[PDB]
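# A closer look at the structure
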Amino acid sequence: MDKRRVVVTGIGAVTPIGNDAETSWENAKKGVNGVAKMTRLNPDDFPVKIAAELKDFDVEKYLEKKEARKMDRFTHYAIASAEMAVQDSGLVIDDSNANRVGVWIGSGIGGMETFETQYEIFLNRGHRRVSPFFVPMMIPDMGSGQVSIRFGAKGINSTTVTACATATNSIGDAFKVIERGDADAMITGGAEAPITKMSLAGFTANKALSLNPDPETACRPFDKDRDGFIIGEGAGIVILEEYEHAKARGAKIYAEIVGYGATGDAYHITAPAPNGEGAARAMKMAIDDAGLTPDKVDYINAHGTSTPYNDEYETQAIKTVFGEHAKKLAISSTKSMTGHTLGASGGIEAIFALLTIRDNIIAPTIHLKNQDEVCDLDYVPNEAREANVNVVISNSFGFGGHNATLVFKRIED
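Here goes a summary of the coordinates provided. (Residues numbered from 1 in each chain as written, not as in the entry; some residues may be left out. Heavy atoms only, no water.)

### Concerning the environment of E22
With respect to the helices, strands and loops of the structure, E22 is situated in helix α1 (residues 21-29). We classify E22 as partly exposed; its relative accessible area is 29%. Between the alpha carbons of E22 and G12 there is a distance of 8.5 Å; along the sequence they are 10 residues apart. Residues in contact with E22, not counting those within four places in the same chain, are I11, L355 and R358. (Helix = DSSP H or I, 4+ residues; strand = E, 2+ residues; numbered from the N terminus. Buried < 20%, exposed > 50% of the residue type's maximum accessible area, 1.4 Å probe, protein only. Contact = heavy atoms within 4.5 Å.)

Here you go:
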């Protein structure tokens, strides 16, 4: 097995700070806050009053009204992001190569809004009324299913569901498909539309969400006063592509994907393991996969949920893996701006990590005002920073004990 090299040739995203990847990243560098008073639901009806919503997203740029009604919102986001990514990549999928192009897009909770709506119909009007398209619309693999059909991609069509790590695992899994020679390109990432009444009820019952109603201070990763995550929505998709294939067609290359690590806490269903034990192993595995020593990493895009346990445990895991180098590298949580997008977070964040390499500029952790005595590394608080960044990692340490890290490196043939 001669491992193939794999590069990123296309990006696409819809996020609370932009309806395309470039606008999202331009806003990230500017420290734009995507958290605001909730509008998707009536904030009077919930203990949580804020959320990070897509602003003015227009699904009709992608789908006719008839088609869109047959898809949950999370699938709208997957479709729009995949479309922008495929277009961005310039990759042409036709009869000659369709078998070699696959799809690996995850969602953490899938079509929650559809289940709510359809269940209420069931209760009120009975079983006959339930839509023929209920099951497909709700299941988390409908992102992959619809994207495969839309672009004619006939290679592996799969979906990984790992909560917060959903998109990070999905991209790594797609990376491994190409690495072992089983595809030449993969449309991959994650998509989530979790701003629904049941989703909020659940995370609130679990005490996972900050109840701070001030959009200006609620989400503050690594801050001494952080008290829980802020829910967000969106999707991030990349086109992964075998290196020779990309070069042959003259593809633009964002970076090489070089490492994938994934481990389990085996600790608790919602609480992360003390000291970031599992997270540490995931990062170490990812850099080992890339054949890099820890000192090679320049930037970590942190899971950065803004929970008391996560941000501290993640800091501890970083110290564990990077030792003397932990204080030398730079870290940021862009969740400080996008909120926690759940399953889609790894996709959005991989894109930010990639564009950090392109622009040699690191997006800030915003709202970092009160230094935590335990979280004492360099979080690039408040303002963007110019830095020579050649190697980046992106962390997702999700509920369910799912740990995943990806490593990207500046392209050098």
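The structure having been displayed, the exposition proceeds.
### Quick notes on the side chain of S89
Structurally, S89 is set in helix α3 (residues 73-89). The class of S89 is buried, set by a relative accessible area of 4%. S89 has contacts with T9, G10, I239 and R249, leaving out every residue within four places of it along the chain.

### A few points about the sheet that holds strand β13 (residues 391-398)
Sheet architecture is open: 10 strands sit in the order β5-β4-β6-β7-β1-β8-β14-β13-β9-β10, paired in mixed fashion. Single-partner strands in this sheet number two, and they are β5 (157-158) and β10 (330-332). Seen against the sheet, helix α10 (residues 277-290) touches β8 (255-264), β13 and β14 (402-409) and runs at an angle of roughly 145° to β8. (Pairing = 2+ DSSP bridges. Axes fitted to C-alpha atoms, helices over the stretch in contact; angles between N-to-C directions.)

### Considering the side chain of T356
Along the polypeptide, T356 turns up in helix α13 (residues 345-359). Here the side chain of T356 touches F352 through a polar contact of 2.8 Å, landing on its backbone oxygen. (Polar contact = N/O pair within 3.5 Å; in protein donor to acceptor, adjacent residues only side chain to side chain.)

### Observations concerning the pattern of salt bridges
Within this structure, the stated rule accounts for 26 salt bridges. We note a salt bridge from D311 to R226, for which the minimum N-O separation is 3.6 Å. On the criterion of sequence distance, the pair formed by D311 in helix α11 (residues 308-322) and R226 in the loop between α8 (197-205) and β7 (234-242) is long-range, its members being 85 residues apart. We note that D311, like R226, is buried. A salt bridge links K327 to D376, with the nearest nitrogen and oxygen atoms 3.4 Å apart. Placement of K327 in the loop between α11 and β10 and of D376 in the loop between β11 (361-362) and β12 (385-386) is noted, with a sequence separation of 49 residues between them. Members of the salt-bridge network, linked through shared partners, are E22, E26, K29, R358 and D359. (Salt bridge = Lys/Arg side-chain N within 4 Å of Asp/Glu carboxyl O.)

### Here we look at the nonpolar core
Residues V8, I11, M186, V238, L240, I257 and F408 are the most contacted members of the largest nonpolar core, which totals 41 residues. Of all the secondary-structure elements, those providing two or more residues to this core are β1 (6-14), α1, α7 (166-179), β7, β8, α13 and β14. Beyond its immediate chain neighbours, meaning those up to four positions away, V8 contacts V238, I239, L240, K252, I253, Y254, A255, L354 and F408. (Core = buried A, V, L, I, M, F, W, Y, C linked by side-chain atoms within 4.5 Å.)

### Observations concerning a positive patch on the surface
Taken together, the side chains of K65, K66, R69 and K70 make up a positively charged region of the molecular surface. Position of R69 among the secondary structure elements: in the loop between α2 (65-68) and α3. (Patch = residues over 30% accessible without salt bridge, like charges linked within 9 Å, V, L, I, M, F, W, Y side chains within 5 Å. Areas by Shrake-Rupley, 256 points an atom, 1.4 Å probe, with all protein chains shown as cover. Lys, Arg positive; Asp, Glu negative; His and termini not counted. Charge placed at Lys NZ, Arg CZ, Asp CG, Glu CD.)

### Overview of the state of the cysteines
Under the defined criterion, the tally for this structure stands at zero disulfides. We note that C219 lacks a disulfide partner, and the nearest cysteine sulfur, in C164, lies 13 Å from it. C375 carries a free sulfur, and the closest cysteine sulfur to it, the one in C219, is 13 Å from it. (Disulfide = S-S within 2.5 Å.)

### What about the environment of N395?
With respect to the helices, strands and loops of the structure, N395 is situated in strand β13. On the basis of relative accessibility, which here comes to 0%, the residue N395 falls in the buried class. Expressed as a C-alpha distance, the spacing of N395 and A205, which sit 190 residues apart in the sequence, is 26 Å. Ignoring any residue separated from it by four or fewer positions in sequence, one finds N395 in contact with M283, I300, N301, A302, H303, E314, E349, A404 and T405. Here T405 takes part through its side chain, which lies 3.0 Å from a polar atom of the side chain of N395.

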